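See structure below.
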Amino acid sequence: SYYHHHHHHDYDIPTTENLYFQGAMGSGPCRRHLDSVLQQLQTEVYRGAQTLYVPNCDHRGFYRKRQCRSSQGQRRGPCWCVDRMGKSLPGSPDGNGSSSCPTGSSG
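Note that this note's numbering gives residue 90 to position 91 of the sequence shown, counting from 1, and the numbers run on in steps of one.
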């Protein structure tokens, strides 16, 4: 943030809000898995490794809508929707509902 230097967030104080800087979500293990994989893997994965897939987590930190395999050359994933637990929904409305993804339950 540079538009206005009025950002406190983290300065140099070992506190709870400062310790919580790990961009976690609303009690969800997917964000922890995403930050760990996206911080280390997305850097050495996406550009040149193979076709590595990254989990998607909603503000509640769970794998809510997406799970996708990422190719190194083409932008195609392919991407696919999953339920709040992160299960790949092939075409099940009991899983591919607004709770996981907004719209797209072609099954």
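Each residue gets a CB set at the ideal place from its N, CA and C atoms; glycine is no exception.
In the structure shown, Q73 adopts coil according to DSSP, grouped into three states. The three-state secondary structure of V36, taken from DSSP, is helix.
Within the model, the alpha-carbon separation for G25 versus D82 is close to 17 Å.
In chain order, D57, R83, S99 place their CB closer than 6 Å to the CB of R63, counting only its own chain and leaving out the 5 sequence neighbours on each side. Where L18 is concerned, the enclosing alpha helix (DSSP H) starts and stops at 15-18. The C-alpha of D93 lies about 38 Å from the C-alpha of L18. Sequence-distant Cβ neighbours of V53 in its own chain, meaning closer than 7 Å and more than five residues away, are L33, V36, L37, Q41, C67, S69. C29 sits close to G60, with the two beta carbons spaced by under 7 Å. If you check the CB distance, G103 and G90 do not come in under 7 Å. The three-state reading of DSSP puts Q66 in strand, counting E and B together.
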